[PDB]
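Enquirer:
4 protein chains.
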Amino acid sequence: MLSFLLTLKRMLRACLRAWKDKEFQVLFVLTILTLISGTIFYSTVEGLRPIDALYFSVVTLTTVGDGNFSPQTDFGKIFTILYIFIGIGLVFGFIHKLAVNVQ
Amino acid sequence: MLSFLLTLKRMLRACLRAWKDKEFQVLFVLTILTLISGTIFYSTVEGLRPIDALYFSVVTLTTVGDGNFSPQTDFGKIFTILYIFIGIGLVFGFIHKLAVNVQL
Amino acid sequence: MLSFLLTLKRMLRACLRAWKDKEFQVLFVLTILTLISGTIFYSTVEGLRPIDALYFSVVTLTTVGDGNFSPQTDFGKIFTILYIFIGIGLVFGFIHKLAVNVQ
Amino acid sequence: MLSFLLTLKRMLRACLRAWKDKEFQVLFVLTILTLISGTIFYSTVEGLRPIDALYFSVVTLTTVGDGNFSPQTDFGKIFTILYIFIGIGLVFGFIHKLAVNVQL
Ligand SMILES: [Ca+2]
Ligand code: NA
Ligand code: NA
Ligand code: NA
Ligand code: NA
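Those sequence lines, one after another, are chains D, S, W and Y. Taking the numbering used here, I'd label the letters of the first sequence as residues 1 to 103. Taking the numbering used here, I'd label the letters of the second sequence as residues 1 to 104. Taking the numbering used here, I'd label the letters of the third sequence as residues 1 to 103. Taking the numbering used here, I'd label the letters of the fourth sequence as residues 1 to 104.
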């Protein structure tokens, strides 16, 4: 259906118009930076391969969770605690953003 | 008790009434496609029985998560990372939608 | 601080004013009903004690997840799939509700 | 690049500016209290080392979840059920707040 494509394209255009908003770019860079930091930390402190440090960082920051790995060191546990709250602060940031864009 | 039933039906209607919004429909289709790709990827790449691939696909895309399975290959891990962001993208889409539908 | 208590009490009052809203009561009954159904299903089909069937139902419907139990039967997996989407439909229901209450 | 920094600071300000809302403060305090009770309960009832009880408390209240630990006692299971709903109650509170702060 042509209607379907046109509607999708419009939506895709509206989505791309967000990656041009400064506040969104910030939130975006911040989560990327957060993901990098997590990758480094877990790779360093918990001794995970970079790929598994990124996976755990992603899965943790998004609340998906990992069914097998749990931080083994106390420093890792403390970091994960703060990491999770950064993630929540980030999502509220995006939520609030989407909220204001409805005004 | 009657009020409950009447409210339920009124709300239920509004829900099905939302299944009429073209943008909602696309979000929905996108989710199904996402779920199918996921099922295909995990069955193929991770060798999970089809039903187990849809399950992992569903619990992962919804952030529920699976307490026993985690992708075993680097290809799976990378795919899952992106898969998850697709899901978050889809949820914000629905939320943005619900937000717009509240304001007009 | 008296200010703190008064603010909390006001918030608590506003929260209780929700349990009087018909649409909220519905959403509330529905999730309770959903939790009951899950408890029954998992207790029956997956052979979990009622307490563990409720736990898994709660943890699943809220996206928290269980780090040890995963449905063992195909019927359980299919049910959990639909169960999760009911849960998401429920949360959007509450979200939409809170959204309209901001108007 | 300068715009980025200027936007970051403007946003950062608004965040700290929100740490001034009495209702936000209460939500925050409630969360900490919730996290402390949780830490106490799981250390006491489930016998988890304190730091492990705060961790489980945090990942559970945020729906992230723990892939290795699950409460072993019926008392823990029941408490966790309620703990989770408290967390959902708190999140809707914050969301309701963010919603009101957007409209005025
Ligand atoms: Ca596990
Ligand atoms: Na969530
Ligand atoms: Na999990
Ligand atoms: Na989870
Ligand atoms: Na989650």
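Backbone N, C-alpha and C define an ideal beta-carbon position, used for all residues, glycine too.
#1: Taking the alpha helix (DSSP H) that W:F79 belongs to, which residues open and close that run?
#2: Between D:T63 and ligand 2, is the CB less than 7 Å from at least one heavy atom?
#3: Give a yes or no on whether the minimum CB-CB distance between W:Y55 and chain Y is below 8 Å.
#4: Would you mind stating whether W:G47 and S:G67 have Cβ atoms separated by less than 8 Å?
#5: On the three-state DSSP scale, how would you describe S:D52?
#6: Indicate whether at least one CB of chain Y lies closer than 8 Å to the CB of D:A18.
#7: Between S:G67 and ligand 3, is the CB less than 7 Å from at least one heavy atom?
#8: Identify the contact partners of D:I51 in chain S, using a Cβ-Cβ distance below 8 Å as the criterion.
#9: Rounded C-beta distance between Y:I86 and W:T62? I'm assuming under 8 Å.
#10: Suppose the cutoff is 7 Å on Cβ atoms and the five residues either side in sequence are ignored; what does the same chain contact list for Y:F69 look like?
#11: Can you give me the start and stop residues for the alpha helix (DSSP H) that D:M11 sits inside?
#12: Below 7 Å on C-beta distance, what does S:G65 contact in chain Y?
#13: Contact defined as beta carbons within less than 8 Å: I believe W:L27 pairs with W:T39. What is the distance between those atoms, to the nearest angstrom?
#14: Would S:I84 count as contacting chain W if we go by Cβ distances under 8 Å?
#15: By the criterion of Cβ-Cβ separation under 8 Å, what are the contact partners of W:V100 in chain S?
#16: Checking 8 Å against the spacing of the C-beta atoms, do S:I95 and D:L98 come in under that value?
#17: Which whole-angstrom value describes the C-beta separation of D:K77 and Y:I51, a residue pair presumed to lie in contact below a C-beta threshold of 8 Å?
#18: Our contact map puts Y:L104 next to Y:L30 with C-beta atoms below 8 Å; I'd like the distance itself, whole angstroms only.
#19: Would you report the Cα separation of Y:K22 and W:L2, rounded to the nearest angstrom?
#20: For W:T44, count neighbouring C-beta atoms within 10 Å of its own C-beta (all shown protein chains included) and say buried if the count is 16 or more, exposed if not.
#21: Where do the ends of the alpha helix (DSSP H) carrying S:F69 lie?
#22: Could you check which residue in Y:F75, Y:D74, Y:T80, Y:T73 has the C-alpha nearest to that of Y:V59?
#23: So if I threshold CB-CB distances at 7 Å, which residues from the region 11 to 37 of chain S count as touching chain D?
#24: Between which residues of its own chain and W:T34 is the CB-CB distance below 6 Å, once the five residues before and five after are set aside?
#25: Under a CB-based cut-off of 8 Å, is S:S43 close to chain D?
#26: Out of Y:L16, Y:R49, Y:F41, state which residue places its alpha-carbon closest to the alpha-carbon of D:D74.
#27: For D:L16 and S:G65, I'd like the C-alpha separation in whole angstroms.
#28: Do W:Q25 and S:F4 have their C-beta atoms closer together than 8 Å?
#29: Under a CB-based cut-off of 8 Å, is S:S3 close to chain W?
#30: Have a look at Y:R10, Y:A18, Y:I32, Y:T7 and flag the residue whose alpha-carbon is nearest the alpha-carbon of Y:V102.
#31: Using beta carbons (cut-off 8 Å, strictly below), is W:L90 in contact with chain Y?
#32: Residues of chain W with CB closer than 7 Å to the CB of S:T60, please, in chain order.
Expert: So, to answer that:
#1: Per DSSP, W:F79 belongs to the alpha helix (DSSP H) from 74 to 100.
#2: yes
#3: yes
#4: no
#5: helix
#6: no
#7: Checking every heavy atom of ligand 3 against the Cβ of S:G67, one is found closer than 7 Å.
#8: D74, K77, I78
#9: That pair is no contact at about 11 Å.
#10: Contacts found: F56.
#11: 2 to 16
#12: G65
#13: In fact, because the Cβ distance is near 19 Å, the residues do not count as touching under 8 Å.
#14: No, no contact with chain W.
#15: The answer, in chain order, is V102.
#16: yes
#17: 6 Å
#18: At roughly 23 Å, the Cβ-Cβ gap does not stay under 8 Å, so Y:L104 and Y:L30 are not in contact.
#19: 12 Å
#20: Its Cβ having fewer than 16 others within 10 Å, W:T44 is exposed.
#21: Unbroken run through S:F69: none, as it is neither H nor E.
#22: Y:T80
#23: Answer set for the region 11 to 37 of chain S: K22, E23, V26.
#24: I86
#25: no
#26: Of the listed residues, the one whose Cα sits closest to D:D74 is Y:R49.
#27: 29 Å
#28: Yes.
#29: yes
#30: Y:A18
#31: no
#32: Near S:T60 there are no residues of chain W at all, since even the closest Cβ is about 10 Å away, more than 7 Å.
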